[PDB]
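K.L.:
generate coordinates for the sequence data below:
(3 chains, ligands or ions: 3)
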Amino acid sequence: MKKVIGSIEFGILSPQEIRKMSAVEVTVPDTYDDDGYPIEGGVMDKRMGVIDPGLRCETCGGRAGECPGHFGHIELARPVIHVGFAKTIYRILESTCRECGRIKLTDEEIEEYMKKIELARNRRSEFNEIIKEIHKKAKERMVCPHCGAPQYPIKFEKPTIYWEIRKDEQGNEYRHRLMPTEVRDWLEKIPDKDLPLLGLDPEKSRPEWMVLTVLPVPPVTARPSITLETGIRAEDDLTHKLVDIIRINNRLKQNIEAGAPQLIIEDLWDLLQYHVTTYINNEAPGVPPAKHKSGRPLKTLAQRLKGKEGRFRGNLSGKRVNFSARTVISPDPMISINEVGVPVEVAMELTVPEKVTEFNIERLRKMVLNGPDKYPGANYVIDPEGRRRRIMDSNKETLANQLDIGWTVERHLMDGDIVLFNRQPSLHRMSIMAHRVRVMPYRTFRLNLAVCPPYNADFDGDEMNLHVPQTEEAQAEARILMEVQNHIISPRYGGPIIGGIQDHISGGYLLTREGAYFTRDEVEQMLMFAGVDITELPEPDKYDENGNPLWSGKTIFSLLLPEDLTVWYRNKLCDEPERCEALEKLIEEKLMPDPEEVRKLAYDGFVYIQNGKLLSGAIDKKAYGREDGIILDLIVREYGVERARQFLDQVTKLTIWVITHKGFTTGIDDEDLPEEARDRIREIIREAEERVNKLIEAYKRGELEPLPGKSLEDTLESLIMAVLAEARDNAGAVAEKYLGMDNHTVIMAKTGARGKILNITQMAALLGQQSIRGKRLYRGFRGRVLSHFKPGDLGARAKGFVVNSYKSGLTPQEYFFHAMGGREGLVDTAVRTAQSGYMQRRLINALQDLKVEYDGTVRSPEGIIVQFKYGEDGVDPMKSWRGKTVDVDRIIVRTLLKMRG
Amino acid sequence: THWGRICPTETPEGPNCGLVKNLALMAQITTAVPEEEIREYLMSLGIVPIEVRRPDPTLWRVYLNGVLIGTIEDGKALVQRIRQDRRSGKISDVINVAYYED
Amino acid sequence: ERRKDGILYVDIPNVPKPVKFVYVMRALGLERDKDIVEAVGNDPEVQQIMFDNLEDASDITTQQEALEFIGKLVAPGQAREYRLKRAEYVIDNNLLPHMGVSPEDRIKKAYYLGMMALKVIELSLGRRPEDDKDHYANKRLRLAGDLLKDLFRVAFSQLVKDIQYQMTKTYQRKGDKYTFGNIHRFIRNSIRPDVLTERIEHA
Ligand SMILES: [Mg+2]
Ligand SMILES: [Zn+2]
Ligand SMILES: [Zn+2]
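P.N.:
Numbers count the residues shown, from 1 in each chain, chains lettered A, B, ... in the order given. Ligands and ions are numbered 1, 2, ... in the order given. The relevant structure is shown in the block below.
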């Protein structure tokens, strides 16, 4: 019984429609009356609808607040030109014969233009161009091809005055004003077949209807009297304009019926036209804006729509939606990735409506007995009829014994309910996801750490919002479409986006590091902590000196992987490619070598898993990191989403336990270098400075070759920058060479958990050149940056090259240069946000309508076909492996291993 | 040129970055001395006013608070004399003098 | 400004449109072409540049009619005296007002215009570089003292206007015998300090 508007076609109303659609013929300019009652025949009649309280509508019989209002019409004495259609009318007049009214065009031209219009229907711009071309062609013509009668030029005077420049018997050109009746007579004779070329539809917009003969009156609800603080019924501007229209119409009619002279009839006609134009649009060009009773321009129909806060552009907005909360977030890895911790106070306010049935009557009875204070309680109960009551304490004991099927209880949030989670600014799709509630004390939205990357959140004061869907359909949509599990693989690049970040990588490396063994106590404790379901330990690997059994980390990790997973790849720790070559040789030769042989050839740079057993390699970013998560991707794409969630939720806790109870830290001595490395760095710096000075001298004495792209100075600057960058790279290479892998900072950098090699270089060896907008520092005094350098100096030290690392400490000039660099970085960060936001807004406004049809095609909102078989292959980027439609190599290897095993 | 006058680090983050600054600890902001006393001083130093002569390629142009007031020769000697008088206590410390050889 | 053709122009804030440079110098009483050239320097290329500029002026205005032309730009009042007064007003109170507003100050403003034109010419020829707008030699700080000075100036102007209006109204509604009978109370009873107090406070 409830249908959905499938389309809206716009047209021009006909006078007959306005007459029959309307109910009351407004004739008397009557206001609200002294007693605030609707006067008969007034602007606010009772057939128009009632907004005043305590009376019934005449037409529908509805009380104020339930009567939608009804339309009325005004019978104009003389035709009036609509302001909006004035330009269209003028264009039409220049294209049709004065006598026949047909289009002044040859039949062949008509056929050609009709074909072109049929082809370019959809494209609005091309349609307008064709219309303008036809208008120009017709207007340029002088003799009607059908009648041969002359067509005196028509001149348009803004806003609604038309002049026909006619030639007298003496040849003088005089302007003859076209009265609206003449325009109507001209427009009526235009046949239907000529309308499509003229830019019209002969079923919804006829040219005769552009000139108004009947003016509809909006209902009282559309023009309500907002009243005033004093009680004065502050009227609507539309009401005042309608009153003036009625007065002028009656005056014009009575003078017409009294045989008045033509001049006064013309005066009243023009007054009516001006009033109508200012009522439709009070800001129409060439129209004096009508003043309110206070002397301000009246807001009219045009102004009521073209407002940023009006119906257009105003309904779309962001306001305080119901059932929402906002607070800071704190981390906790003890909950599953698809769970969120909610404070008790929030849970006691964001109620969710639940209808009581046979299988949940007792739970709701207990909840309503708890009242609105105990946590598992309710705040409102709705009877089957529809009244709402607050539980409180007076009637807490009742409303439970009288609660049966058909009631509705607004219980508090409980564990398992579905809830959305948002972080602003919301950039991509993953910024809103659905979580499961887990009510815990204190006041913070607890969030699992593996879910941080998609949200792009850090626990340094960031705030998040959650919304609680109310209806069952919304809850089902959130649960099935929006859960965190389904969004492991990012739609952008087809790889994972949920995975370990900082400890989940470093601790994994510590666990799987070569030569790492654990005692029985640690093994049992970490397995129980991770939640892994086990009941007997595997066979010990290697015995302690005093006789205690030991277990290598690789087997413990292998206890998590599925029973038939098999994969091999090269991680980021590969520094001796020969060993990787040997392992690849063996694996490719056999496809299933005996695990004993692999043990002798094991190397932590080459991960190899056979039937769920980790035989070689170590865990790093490429295992289950933010991107390139080979193992996590394999689990997602081969064992289903639930298995992937379980694997992530176990490996996270296991790695956290091992890093917590194994010890991980960093001190000031993590970037202490031996004396030889310091001497090497010092001599590198000195040599680079010497070369720079040599370049400067060569430039000074005219010995320089300017490449075509640059002048002498620009070439000099390019050479200097290249030399300094190469020197910094050499120093970094030396520092990296002398820093061992056992160093914790080096571990963090190499595994990719956090930081880059450049950070170690800057902190230990050398900071390097400082630049602004890709150029050497130059903005300062005349010829020098600081005041402590000789003017006209281009040496490396004097233009932003700093030679002290963070450990050694910066001299004041170096400190100032570093400040310049940091300020530039901050400014760039500040501006790029706005620029990217603008670009994204443009792209979304352009592309947010495209969708995949049921036949695989992608169609524009106006019906144009944009793409057959979306993506030219039909593969969702999420489902794609890494861009490839099907990774047939993995398929071949996996099937061969499964069936040959 | 912000060295010693504007703190190079303390600045808000966001739209106001760089546009809002804080004075350095050694910074000192000056007030104004009566300008006609200073003008009388430079005139006594021997700068012939612009009404009696015109700028020439071999003449130095003297500006006071940005307005040309006369011409002189050997501007270096003039600025040396003014500085010596400033640190001899003859005139106030508000006066600052610089010359451009270019 | 120096256009791409080499012809100089001056942009007065009140005058809606730029004026040619030699016209402006002649309006300030500097009429001699030799003196106009001398006021900007003696470098021969600069001399030739201004020879071209005065040739562009074509001696259309030599002593007068420059003020009349300016009056043509600045809302001509259709009267010789009206155009003359408008031209001299915008000349005195909008061409370097820091040099003074008396008609005598025009001859002094001529030299400043000349040195500005010399700066523009030197920049055109590359003899001097651009001026760095961020250099603190070119920046000043508006302290609390001068801001208070400006606010107090505005408030005091308002108070003076109110004083004049109140004095005029009281005289016209009471007659001569009261005003000059005892001027002290007459002056004292027209102050209305609340205008000043509320203006400064709300600012
Ligand atoms: Mg943050
Ligand atoms: Zn009704
Ligand atoms: Zn015809």
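K.L.:
residue A:86: neighbour count?
P.N.:
20 (other C-beta atoms under 10 Å in any protein chain shown). Yep, even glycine has a C-beta here, placed from its N, CA and C like the rest.
K.L.:
so how far is residue A:613 from the residue nearest to residue A:552 when sequence neighbours are not counted?
P.N.:
Using C-beta to C-beta, 6 or more residues apart in numbering or on different chains and skipping residues adjacent in sequence, the residue nearest residue A:552 is residue A:541, 4.9 Å away. Separation of residue A:541 from residue A:613 (C-beta to C-beta, to the nearest Å): 12 Å.
K.L.:
quick one, strands of chain C?
P.N.:
C:9-10, C:19-20 (DSSP state E).
K.L.:
cool, and chain B?
P.N.:
B:48-49, B:60-64, B:67-72.
K.L.:
just those: most buried one?
P.N.:
Comparing the strands of chain B by mean neighbour count (mean count of other C-beta atoms under 10 Å in any protein chain shown), strand B:67-72 ranks first with a mean of 18.
K.L.:
using CSV, list the CA coordinates for that one.
P.N.:
The C-alpha coordinates for strand B:67-72 follow below in CSV (Å, rounded to 0.1, in the frame of the first residue of the first chain):
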residue,chain,number,x,y,z
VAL,B,67,62.0,60.5,4.2
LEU,B,68,64.9,62.1,2.3
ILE,B,69,66.3,65.1,4.2
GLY,B,70,69.5,66.0,2.5
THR,B,71,72.8,64.9,0.9
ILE,B,72,76.3,64.4,2.3
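K.L.:
roughly how far out does it sit from the chain middle?
P.N.:
With C-alpha atoms, centre = their mean, to the nearest Å as the basis, strand B:67-72 stands 14 Å off its chain's centre.
K.L.:
next one: stretch C:67-81
P.N.:
17 Å.
K.L.:
repeat that for stretch B:38-46.
P.N.:
For stretch B:38-46, the distance to the chain centre is 15 Å (C-alpha atoms, centre = their mean).
K.L.:
contacts for that stretch next, please.
P.N.:
With contact meaning C-beta atoms under 8 Å, 6 or more residues apart in numbering or on different chains, stretch B:38-46 is reached by B:49, B:62, B:64, B:69-70, B:72, B:78, B:81-82, B:91, B:95.
K.L.:
mind checking how far residue A:412 is from chain B?
P.N.:
39 Å (C-beta to the nearest C-beta, to the nearest Å).
K.L.:
contact partners for that residue?
P.N.:
Contacts of residue A:412 (C-beta under 8 Å, 6+ apart): A:347-348, A:351, A:367, A:375-379.
K.L.:
residue A:417: neighbour count?
P.N.:
22.
K.L.:
quickly list what the closest residue to it other than its chain neighbours is bridged to.
P.N.:
Nearest residue to residue A:417, sequence neighbours excluded (C-beta to C-beta, 6+ apart): residue A:437, at 4.6 Å. Beta bridges link residue A:437 to residue A:340, judged by DSSP bridges.
K.L.:
wait, isn't residue A:437 in contact with residue A:421?
P.N.:
No - using C-beta atoms under 8 Å, residue A:437 makes no contact with residue A:421, being 10.6 Å away.
K.L.:
where do the contact lists of the two overlap?
P.N.:
residue A:340.
K.L.:
how close does the residue nearest to the spatial centre of chain C sit to residue B:66?
P.N.:
In chain C, the centroid-proximal residue (C-alpha atoms, centre = their mean) is residue C:94; its distance is 1.8 Å. According to C-beta to C-beta, residue C:94 and residue B:66 sit 19 Å apart.
K.L.:
which residues does residue A:778 contact?
P.N.:
By C-beta under 8 Å, 6+ apart, the neighbours of residue A:778 are A:772, A:785, A:799.
K.L.:
quick check, distance from stretch A:816-823 to the centre of its chain.
P.N.:
Distance, centroid of stretch A:816-823 to centroid of chain: 35 Å (C-alpha atoms, centre = their mean).
K.L.:
repeat that for stretch A:223-236.
P.N.:
41 Å.
K.L.:
residues in contact with residue A:887?
P.N.:
So residue A:887 contacts residue A:881 (C-beta under 8 Å, 6+ apart).
K.L.:
how close does whatever residue of chain C ends up closest to ligand 1 get to residue C:52?
P.N.:
Chain C approaches ligand 1 most closely through residue C:134 (31.9 Å), counting by C-beta to the ion. Distance, residue C:134 to residue C:52, by C-beta to C-beta: 35 Å.
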